[PDB]
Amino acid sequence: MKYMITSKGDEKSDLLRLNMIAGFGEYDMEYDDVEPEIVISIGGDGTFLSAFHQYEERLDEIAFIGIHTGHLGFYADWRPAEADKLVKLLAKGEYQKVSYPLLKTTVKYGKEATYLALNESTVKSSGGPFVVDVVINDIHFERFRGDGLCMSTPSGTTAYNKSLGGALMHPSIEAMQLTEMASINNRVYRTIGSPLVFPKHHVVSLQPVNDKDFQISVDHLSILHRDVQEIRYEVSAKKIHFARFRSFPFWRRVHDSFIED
């Protein structure tokens, strides 16, 4: 029905976008970037991430599709050569939807801000040492000293989380994963070390010890937050929906990206 297309903005992606719009013009399809029902991202995973955040207030009404004009992306998992086939199948419709879990981040001050992540949310200090108390379902778990912390969605586990030693999780698992960035461990300072995987309805709370200023990232976006009293992580009730047109299993996607393609 209603659809829009975002572009990475290079020549290859802009022209693929115009060609798909022309191809869409031959069906009962209406270009609408205010209330689209299909969002096509042409570029890479960064382009797809921006498309998700552009429309994160209408996630239940939108099915996303990614086309990678560079190397294979984990979200942009369609090749440009299949664009005409994609146009045809999209126009007809009757496609199945698959849903991936998302991460909710709440930042409290001394007022509240909430953010939704498709990959992950990270916390680092403003410049000095990073020290937070990690509280799991109101239980004090550890005092973390180090570079920072990363809380990843399942589909995010192949991104920053992977570089930090985290496990790769199949996205059908409604969970979030917390990994450490360079923790100090000696006689007096102790962290768990291992990645931690949390189910739905578990709340991980980060509470400042001394400094209350933190650089908080949500996917690409990174903002300095001041006078922070708490950072709360939990699996969101909201999910992102993908239009699926053929089988591209997650573990094959992992294989193609990290082992060989």
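One rule holds for the numbers: they count along the sequence shown, beginning at 1. Between two forms, the rigid core is defined as the largest C-alpha subset superposing within 1.5 Å.
- Annotation: of the segments 133 to 141 and 187 to 195, 187 to 195 departs further from this form in 6 other deposited structures of this protein (C-alpha atoms, root mean square over structures and residues, core superposition).
- Of the other structures of this protein that model both sides of residue 70, a third or more give it no coordinates.
- In at least one third of the other compared structures of this protein with flanking residues present, residue 110 is left unmodelled.
- Coordinates are absent for 1 to 3 residues of the deposited sequence placed between residue 110 and residue 111.
- Stretches 232 to 240 and 209 to 217 differ in mean C-alpha B factor, with the higher average recorded for 209 to 217.
- Note on 150 to 158 vs 129 to 137: mean CA B-factor is higher in 129 to 137.
- Ranking 124, 145, 104, 79 by the C-alpha B-factor listed in the PDB entry places 79 at the top.
- Which of 181, 116, 167, 83 has the largest Cα B-factor in the deposited entry comes down to 83.
- Sorting the modelled residues of the chain by their CA temperature factor places residue 96 in the highest third.
- In the deposited entry, the Cα temperature factor of residue 36 sits in the top third of values across the chain's modelled residues.
- Remark: residue 29 belongs to the highest third of its chain, ranked by C-alpha B-factor as recorded.
- Residue-level temperature factors show residue 194 in the lowest third of its chain, judged at the C-alpha atom.
- Ranked by Cα temperature factor within the chain, residue 254 sits in the lowest third according to the deposited record.
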